[PDB]
Amino acid sequence: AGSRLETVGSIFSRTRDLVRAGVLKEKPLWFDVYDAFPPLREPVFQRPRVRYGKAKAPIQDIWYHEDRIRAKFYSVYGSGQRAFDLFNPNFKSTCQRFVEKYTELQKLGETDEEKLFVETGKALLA
Amino acid sequence: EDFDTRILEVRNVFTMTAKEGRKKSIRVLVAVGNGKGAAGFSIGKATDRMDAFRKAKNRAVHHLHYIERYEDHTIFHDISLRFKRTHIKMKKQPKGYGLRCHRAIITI
Amino acid sequence: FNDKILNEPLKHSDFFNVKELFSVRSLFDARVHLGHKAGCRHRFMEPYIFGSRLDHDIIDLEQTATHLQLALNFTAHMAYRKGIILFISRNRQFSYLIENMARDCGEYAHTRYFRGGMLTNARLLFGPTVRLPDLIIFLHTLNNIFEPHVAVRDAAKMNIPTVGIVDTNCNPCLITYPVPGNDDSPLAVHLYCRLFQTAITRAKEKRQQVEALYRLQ
Amino acid sequence: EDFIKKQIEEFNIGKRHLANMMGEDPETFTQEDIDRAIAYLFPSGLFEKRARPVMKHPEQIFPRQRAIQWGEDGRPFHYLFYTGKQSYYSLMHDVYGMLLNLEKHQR
Amino acid sequence: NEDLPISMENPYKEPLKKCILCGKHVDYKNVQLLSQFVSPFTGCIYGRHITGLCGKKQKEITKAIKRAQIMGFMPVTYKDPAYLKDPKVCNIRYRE
Amino acid sequence: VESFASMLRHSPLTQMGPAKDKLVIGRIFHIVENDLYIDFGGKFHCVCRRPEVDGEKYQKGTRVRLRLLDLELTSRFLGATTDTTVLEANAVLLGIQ
Ligand SMILES: [Zn+2]
Ligand SMILES: [Zn+2]
């Protein structure tokens with residue numbers, strides 16, 4: 001027999017209750033596999049619906065601790081004068097070294113925040 | 001050879017055609033089950049009556065639900081469904097009551 | 001009677017040792033973790049997304065890799081139990097590659113236009129005695145216009161399990177074994193065809209040694 | 001296929017008889033001899049050339065088909081059975097292969 | 001532990017575009033500013049899509065252009081032909 | 001085993017940031033007669049034109065300098081419920097190497 005109704009359940013549940021009925025005599029070749037090692041989500045159909053009101057998507061807009069000093073380097077100076085590659089693992093940009101020459105200084109270096117750029121203003125030419 | 005089909009509706013339905021004028025076709029709706037929990041229904045149509053009858057009988061066994069029941073007589077609980085405009089109210093009942101329900105729901 | 005070699009590799013846990021063909025590190029360096037814009041995300045990529053960076057959705061590679069011990073394991077079992085494996089994509093940028101990988105292994109490809117009723121109307125499109133596929137592997141779950149494929153429904157209408165690459169815009173719902181990962185990147189699916197090819201031809205040669213061991217004892 | 005075997009053998013009997021029909025001593029004899037003989041043996045006056053009588057070699061009058069693609073326990077042999085137009089899409093693969101190993105180096 | 005991204009208030013967004021007249025002060029006596037936003041042929045006020053003003057400052061321009069016509073400060077039917085070579089801030093196609 | 005959240009922090013796509021007018025080097029991966037397909041990394045490719053300055057220097061693998069304008073090329077239009085990606089990037093060519 002079988003069922004062709006993809007809305008009314010998973011293809012597991014649309015089969016494991018058809019072997020209890022006895023409408024398909026032969027045990028399908030994926031059934032005794034999926035029963036043993038099943039997916040973490042049962043693939044039941046759900047109709048996708050749109051958020052209408054005060055329900056924004058719960059994802060997080062990711063931000064990292066070193067974004068501030070990264071942002072100012074693209075403000076007070078230019079972009080990367082050196083070009084990017086992004087093919088090699090661990091590329092250290094002229095900003096990526098610049099954020100690491102910031103993040104030694106604090107913790108408890110803590111002179112002034114503008115001054116923390118003044119100390120690292122000198123060091124990169126040296 | 002253990003299923004059986006019952007007709008639920010026969011409807012002389014019509015469309016209109018540029019050359020043909022008026023065109024009759026027969027829209028049938030069948031229910032198919034076997035006892036034992038598995039049942040299904042389908043609609044099929046053709047111009048001929050025997051042609052529509054075979055078309056829905058041979059299609060309803062590809063769309064069949066397993067209707068999970070209580071022990072043989074009844075269902076699991078009270079349900080109260082509203083389906084597009086149709087309120088249906090259907091109640092769990094003890095053994096030997098009988099099917100006091102709409103005459104289409106009798107045959108299903 | 002040949003059910004000794006069917007009922008061992010369901011009791012064993014990761015019997016083919018599939019946790020060696022990847023980790024998060026191999027998946028990172030071929031850019032699996034990138035997803036599309038937050039403008040075109042779906043609703044059901046919502047658990048699988050790490051976050052958005054400057055509006056670019058980033059895919060959980062931890063929640064990727066806990067699927068692929070489980071998604072590549074099942075497609076190993078489908079190669080063990082001699083079932084028909086169909087590769088589908090509609091990428092047009094990897095369409096050579098999918099069919100060439102179906103010759104490099106011993107299972108199937110279909111990367112071309114989908115004729116209407118390929119699985120739901122097989123018996124009149126072909127002869128009446130056709131064994132339809134027993135798992136479908138998607139590499140682009142989307143179609144060449146951006147709606148989900150025809151064969152995500154007709155897989156589930158014909159009651160076939162399906163492992164599918166789902167990216168930030170795709171629909172994970174009707175396909176049983178989602179793989180939340182990239183699919184638009186030429187380094188990403190060279191990796192994806194590398195794990196799916198090797199996980200079945202290892203699973204094929206497991207099936208060869210067991211019956212031969214049964215042939216002698 | 002054993003529908004063609006009963007028409008090749010039935011043809012070589014009817015080739016061997018037609019050389020024994022006419023006086024042609026070579027029992028191995030050409031096909032335009034057969035086409036000449038049956039036209040002079042079965043005279044039509046029919047106007048279509050495909051309505052006049054023909055006795056020909058059966059691969060040339062029965063239309064040609066693919067054979068079956070599934071052996072026992074299924075397994076269709078081509079890696080593109082599940083398209084349909086199964087040889088076209090492979091023949092489009094033979095061409096697309098035939099162009100890339102050019103551009104990987106250089107009616 | 002320390003590794004996961006924090007929630008901060010969205011850097012790398014430059015502060016929003018200050019229109020052209022953002023902190024300034026339109027007058028009805030300041031005809032050379034107001035005559036810049038009317039057409040040198042018809043005397044009609046260019047719209048917000050041309051002038052590139054915010055809807056606040058576009059409306060102070062129009063409430064002062066129409067203030068200045070009836071008071072005898074600027075003419076209706078043309079630009080002041082004396083005040084013709086001012087910086088053409090209004091973007092308009094004609095004669096390319 | 002390195003945590004995903006760590007290796008995302010140490011990842012040169014993350015280090016770049018807001019990709020406007022940013023000098024990126026890229027591999028060419030498919031040549032069509034006029035149009036150059038440059039794979040810089042990223043999710044997608046990009047398509048450029050073949051310039052009249054050094055127009056024979058652009059072969060397969062030619063490392064090329066890119067301003068990398070804005071990896072999106074997505075926009076929501078008046079009826080749409082998602083937005084229409086084109087699977088491209090609009091990165092503009094500069095040079096070689
Ligand atoms: Zn995609
Ligand atoms: Zn303003």
# chains A, B, ... in the order shown; residues from 1 in each chain; ligands from 1
>>> closest_atom_pairs(of="chain C", to="chain E", cutoff="12 Å", atoms="only C-alpha atoms", output="tab-separated table")
residue	atom	partner	partner_atom	distance
C:50	CA	E:5	CA	10.0
C:51	CA	E:5	CA	9.2
C:52	CA	E:5	CA	10.8
C:53	CA	E:5	CA	10.3
C:54	CA	E:10	CA	8.8
C:55	CA	E:10	CA	11.2
>>> select_by_dssp(residues="chain F", states="helix (DSSP H, G or I)", output="compact mmCIF listing (two decimals) with C-alpha atoms, in the first residue's frame")
# COMPACT_ATOMS: atom_id res chain seq x y z
CA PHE F 4 34.25 26.33 16.82
CA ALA F 5 33.74 29.65 18.59
CA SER F 6 37.52 29.97 19.03
CA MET F 7 38.40 29.14 15.43
CA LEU F 8 35.76 31.59 14.23
CA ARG F 9 37.56 34.32 16.18
CA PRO F 12 40.50 35.81 8.38
CA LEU F 13 36.94 36.33 7.15
CA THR F 14 35.98 37.41 10.67
CA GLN F 15 39.10 39.57 10.97
CA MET F 16 38.21 41.53 7.83
>>> closest_atom_pairs(of="chain C", to="chain F", cutoff="12 Å", atoms="only C-alpha atoms", output="Markdown table")
| residue | atom | partner | partner_atom | distance |
| --- | --- | --- | --- | --- |
| C:22 | CA | F:1 | CA | 11.9 |
| C:23 | CA | F:1 | CA | 8.5 |
| C:24 | CA | F:4 | CA | 7.0 |
| C:25 | CA | F:2 | CA | 7.7 |
| C:26 | CA | F:2 | CA | 11.4 |
| C:27 | CA | F:4 | CA | 10.3 |
| C:28 | CA | F:7 | CA | 8.2 |
| C:29 | CA | F:11 | CA | 9.4 |
| C:30 | CA | F:41 | CA | 8.9 |
| C:31 | CA | F:43 | CA | 7.2 |
| C:32 | CA | F:43 | CA | 8.7 |
| C:33 | CA | F:8 | CA | 9.2 |
| C:34 | CA | F:43 | CA | 6.3 |
| C:35 | CA | F:43 | CA | 7.5 |
| C:36 | CA | F:43 | CA | 8.0 |
| C:37 | CA | F:72 | CA | 7.2 |
| C:38 | CA | F:83 | CA | 9.4 |
| C:39 | CA | F:83 | CA | 6.0 |
| C:40 | CA | F:82 | CA | 4.9 |
| C:41 | CA | F:82 | CA | 7.6 |
| C:42 | CA | F:82 | CA | 8.4 |
| C:43 | CA | F:82 | CA | 11.0 |
| C:50 | CA | F:5 | CA | 8.8 |
| C:51 | CA | F:5 | CA | 10.6 |
| C:52 | CA | F:14 | CA | 10.9 |
| C:53 | CA | F:14 | CA | 7.7 |
| C:54 | CA | F:18 | CA | 6.7 |
| C:55 | CA | F:72 | CA | 9.1 |
| C:56 | CA | F:72 | CA | 8.6 |
| C:57 | CA | F:43 | CA | 11.0 |
| C:58 | CA | F:8 | CA | 9.3 |
| C:59 | CA | F:4 | CA | 10.1 |
| C:60 | CA | F:4 | CA | 7.9 |
| C:61 | CA | F:4 | CA | 6.4 |
| C:62 | CA | F:4 | CA | 6.6 |
| C:63 | CA | F:4 | CA | 10.0 |
| C:64 | CA | F:4 | CA | 10.7 |
| C:65 | CA | F:4 | CA | 10.6 |
| C:91 | CA | F:87 | CA | 11.1 |
| C:93 | CA | F:30 | CA | 10.7 |
| C:144 | CA | F:86 | CA | 10.9 |
| C:145 | CA | F:84 | CA | 9.9 |
| C:146 | CA | F:84 | CA | 8.5 |
| C:147 | CA | F:82 | CA | 10.6 |
| C:167 | CA | F:43 | CA | 11.3 |
| C:168 | CA | F:82 | CA | 11.8 |
| C:169 | CA | F:82 | CA | 8.9 |
| C:170 | CA | F:82 | CA | 11.5 |
| C:181 | CA | F:43 | CA | 11.2 |
| C:182 | CA | F:43 | CA | 7.9 |
| C:183 | CA | F:43 | CA | 8.7 |
| C:184 | CA | F:44 | CA | 6.3 |
| C:185 | CA | F:43 | CA | 5.3 |
| C:186 | CA | F:44 | CA | 8.3 |
| C:187 | CA | F:41 | CA | 8.7 |
| C:188 | CA | F:43 | CA | 9.0 |
| C:189 | CA | F:43 | CA | 11.5 |
>>> residues_near_ligand(ligand="ligand 2", cutoff="8 Å", atoms="only C-alpha atoms and all ligand atoms", output="list in words")
residues 18, 19, 20, 21, 22, 23, 53, 54, 55, 56 and 57 of chain E
>>> interface_residues(of="chain F", to="chain D", cutoff="10 Å", atoms="only C-alpha atoms", output="compact mmCIF listing (two decimals) with N, CA and C atoms, in the first residue's frame")
# COMPACT_ATOMS: atom_id res chain seq x y z
N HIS F 30 37.74 30.27 -13.40
CA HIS F 30 37.16 29.89 -14.67
C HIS F 30 37.25 31.09 -15.59
N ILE F 31 37.83 30.86 -16.75
CA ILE F 31 37.91 31.88 -17.78
C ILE F 31 36.83 31.61 -18.82
N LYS F 60 44.19 30.95 -15.64
CA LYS F 60 43.60 30.20 -14.53
C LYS F 60 44.62 30.08 -13.42
>>> closest_residue(among="A:26, A:42, A:85, A:104", to="chain F", atoms="only C-alpha atoms")
A:85
>>> interface_residues(of="chain A", to="chain E", cutoff="6 Å", atoms="only C-alpha atoms", output="VMD selection string")
chain A and resid 62 to 64 71
>>> write_last_selection(atoms="C-alpha atoms", output="PDB file, in the first residue's frame")
ATOM      1  CA  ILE A  62      27.972  38.266  16.875  1.00  0.00           C
ATOM      2  CA  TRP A  63      30.559  40.755  18.122  1.00  0.00           C
ATOM      3  CA  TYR A  64      34.011  40.113  19.485  1.00  0.00           C
ATOM      4  CA  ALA A  71      36.968  49.722  14.082  1.00  0.00           C
TER       5      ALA A  71
END
>>> atom_distance(atom1="CA of residue 18 in chain C", atom2="CA of residue 29 in chain A")
21.0 Å
>>> interface_residues(of="chain F", to="chain A", cutoff="6 Å", atoms="only C-alpha atoms", output="ChimeraX atom specification")
/F:12,23-25
>>> residues_around(residues="range 46-50 of chain F", least_positions_apart="6", cutoff="6 Å", atoms="only C-alpha atoms", output="PyMOL selection string")
chain F and resi 34-38+88-90
>>> write_last_selection(atoms="C-alpha atoms", output="mmCIF file, in the first residue's frame")
data_model
loop_
_atom_site.group_PDB
_atom_site.id
_atom_site.type_symbol
_atom_site.label_atom_id
_atom_site.label_comp_id
_atom_site.auth_asym_id
_atom_site.auth_seq_id
_atom_site.Cartn_x
_atom_site.Cartn_y
_atom_site.Cartn_z
ATOM 1 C CA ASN F 34 35.553 38.163 -21.660
ATOM 2 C CA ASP F 35 34.433 37.395 -18.112
ATOM 3 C CA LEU F 36 36.749 36.397 -15.273
ATOM 4 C CA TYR F 37 35.587 34.224 -12.380
ATOM 5 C CA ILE F 38 37.642 35.003 -9.301
ATOM 6 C CA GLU F 88 27.858 36.667 -6.960
ATOM 7 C CA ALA F 89 29.822 39.411 -5.249
ATOM 8 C CA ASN F 90 30.629 42.456 -7.525
#
>>> atom_distance(atom1="CA of residue 39 in chain B", atom2="CA of residue 64 in chain B")
5.2 Å
>>> residues_around(residues="range 59-69 of chain E", least_positions_apart="3", cutoff="8 Å", atoms="only C-alpha atoms", output="ChimeraX atom specification")
/E:26-29,31,34,45,55-56,72-76
>>> write_last_selection(atoms="C-alpha atoms", output="PDB file, in the first residue's frame")
ATOM      1  CA  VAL E  26      17.336  78.949   6.769  1.00  0.00           C
ATOM      2  CA  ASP E  27      16.072  82.523   6.621  1.00  0.00           C
ATOM      3  CA  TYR E  28      13.491  84.271   4.497  1.00  0.00           C
ATOM      4  CA  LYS E  29      16.063  87.031   3.952  1.00  0.00           C
ATOM      5  CA  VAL E  31      17.649  84.596  -0.781  1.00  0.00           C
ATOM      6  CA  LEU E  34      16.789  79.848  -1.129  1.00  0.00           C
ATOM      7  CA  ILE E  45      10.837  74.554  -6.033  1.00  0.00           C
ATOM      8  CA  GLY E  55      11.988  66.199   5.268  1.00  0.00           C
ATOM      9  CA  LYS E  56      12.491  68.572   8.183  1.00  0.00           C
ATOM     10  CA  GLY E  72       9.221  91.092  -2.022  1.00  0.00           C
ATOM     11  CA  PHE E  73      12.507  89.298  -1.310  1.00  0.00           C
ATOM     12  CA  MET E  74      12.749  86.807  -4.156  1.00  0.00           C
ATOM     13  CA  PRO E  75      10.891  86.438  -7.460  1.00  0.00           C
ATOM     14  CA  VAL E  76       8.333  83.787  -8.254  1.00  0.00           C
TER      15      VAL E  76
END
>>> atom_distance(atom1="CA of residue 178 in chain C", atom2="CA of residue 71 in chain C")
7.6 Å
>>> select_by_dssp(residues="chain F", states="strand (DSSP E)", output="ChimeraX atom specification")
/F:24-31,35-39,47-49,64-66
>>> closest_atom_pairs(of="chain C", to="chain A", cutoff="7 Å", atoms="only C-alpha atoms", output="JSON lines")
{"residue": "C:10", "atom": "CA", "partner": "A:36", "partner_atom": "CA", "distance": 6.2}
{"residue": "C:43", "atom": "CA", "partner": "A:48", "partner_atom": "CA", "distance": 6.8}
{"residue": "C:51", "atom": "CA", "partner": "A:60", "partner_atom": "CA", "distance": 5.1}
{"residue": "C:52", "atom": "CA", "partner": "A:61", "partner_atom": "CA", "distance": 5.0}
{"residue": "C:53", "atom": "CA", "partner": "A:62", "partner_atom": "CA", "distance": 5.5}
{"residue": "C:134", "atom": "CA", "partner": "A:30", "partner_atom": "CA", "distance": 6.9}
{"residue": "C:156", "atom": "CA", "partner": "A:6", "partner_atom": "CA", "distance": 5.6}
{"residue": "C:157", "atom": "CA", "partner": "A:4", "partner_atom": "CA", "distance": 4.2}
{"residue": "C:158", "atom": "CA", "partner": "A:4", "partner_atom": "CA", "distance": 6.2}
{"residue": "C:159", "atom": "CA", "partner": "A:11", "partner_atom": "CA", "distance": 5.6}
{"residue": "C:173", "atom": "CA", "partner": "A:43", "partner_atom": "CA", "distance": 5.7}
{"residue": "C:174", "atom": "CA", "partner": "A:43", "partner_atom": "CA", "distance": 5.4}
{"residue": "C:175", "atom": "CA", "partner": "A:43", "partner_atom": "CA", "distance": 6.3}
{"residue": "C:176", "atom": "CA", "partner": "A:43", "partner_atom": "CA", "distance": 5.2}
{"residue": "C:177", "atom": "CA", "partner": "A:39", "partner_atom": "CA", "distance": 6.3}
>>> residues_around(residues="residue 116 in chain A", least_positions_apart="4", cutoff="9 Å", atoms="only C-alpha atoms", output="ChimeraX atom specification")
/A:102,105-106,109-112,120-121
>>> residues_around(residues="residue 107 in chain B", least_positions_apart="4", cutoff="9 Å", atoms="only C-alpha atoms", output="tab-separated table (two decimals) with C-alpha atoms, in the first residue's frame")
chain	number	residue	atom	x	y	z
B	6	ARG	CA	-17.31	2.40	-0.14
B	7	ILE	CA	-18.56	5.30	-2.19
B	8	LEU	CA	-19.13	8.56	-0.33
B	31	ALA	CA	-13.32	5.86	1.42
B	103	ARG	CA	-24.30	8.67	7.97
>>> residues_around(residues="residue 66 in chain F", least_positions_apart="4", cutoff="8 Å", atoms="only C-alpha atoms", output="MDAnalysis selection string")
chainID F and resid 22:26 91:95
>>> write_last_selection(atoms="N, CA and C atoms", output="PDB file, in the first residue's frame")
ATOM      1  N   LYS F  22      37.921  46.873   0.217  1.00  0.00           N
ATOM      2  CA  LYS F  22      38.928  46.193   1.024  1.00  0.00           C
ATOM      3  C   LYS F  22      39.819  45.388   0.088  1.00  0.00           C
ATOM      4  N   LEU F  23      41.132  45.541   0.221  1.00  0.00           N
ATOM      5  CA  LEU F  23      42.060  44.939  -0.736  1.00  0.00           C
ATOM      6  C   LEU F  23      42.181  43.443  -0.472  1.00  0.00           C
ATOM      7  N   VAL F  24      41.675  42.642  -1.401  1.00  0.00           N
ATOM      8  CA  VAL F  24      41.677  41.188  -1.312  1.00  0.00           C
ATOM      9  C   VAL F  24      42.351  40.621  -2.555  1.00  0.00           C
ATOM     10  N   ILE F  25      43.177  39.592  -2.356  1.00  0.00           N
ATOM     11  CA  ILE F  25      43.784  38.861  -3.460  1.00  0.00           C
ATOM     12  C   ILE F  25      42.910  37.638  -3.706  1.00  0.00           C
ATOM     13  N   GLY F  26      42.790  37.227  -4.967  1.00  0.00           N
ATOM     14  CA  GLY F  26      41.950  36.090  -5.278  1.00  0.00           C
ATOM     15  C   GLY F  26      42.488  35.257  -6.421  1.00  0.00           C
ATOM     16  N   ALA F  91      32.944  42.223  -7.095  1.00  0.00           N
ATOM     17  CA  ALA F  91      34.277  42.640  -6.734  1.00  0.00           C
ATOM     18  C   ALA F  91      34.903  43.168  -8.006  1.00  0.00           C
ATOM     19  N   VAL F  92      35.596  44.285  -7.911  1.00  0.00           N
ATOM     20  CA  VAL F  92      36.175  44.897  -9.092  1.00  0.00           C
ATOM     21  C   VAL F  92      37.662  44.574  -9.132  1.00  0.00           C
ATOM     22  N   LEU F  93      38.119  44.145 -10.304  1.00  0.00           N
ATOM     23  CA  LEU F  93      39.506  43.786 -10.534  1.00  0.00           C
ATOM     24  C   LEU F  93      40.414  44.992 -10.366  1.00  0.00           C
ATOM     25  N   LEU F  94      41.654  44.751  -9.954  1.00  0.00           N
ATOM     26  CA  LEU F  94      42.673  45.786 -10.026  1.00  0.00           C
ATOM     27  C   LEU F  94      43.875  45.388 -10.866  1.00  0.00           C
ATOM     28  N   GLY F  95      44.528  44.290 -10.523  1.00  0.00           N
ATOM     29  CA  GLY F  95      45.788  43.966 -11.144  1.00  0.00           C
ATOM     30  C   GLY F  95      46.077  42.495 -11.001  1.00  0.00           C
TER      31      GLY F  95
END
>>> interface_residues(of="chain C", to="chain D", cutoff="6 Å", atoms="only C-alpha atoms", output="VMD selection string")
chain C and resid 108 to 110 131
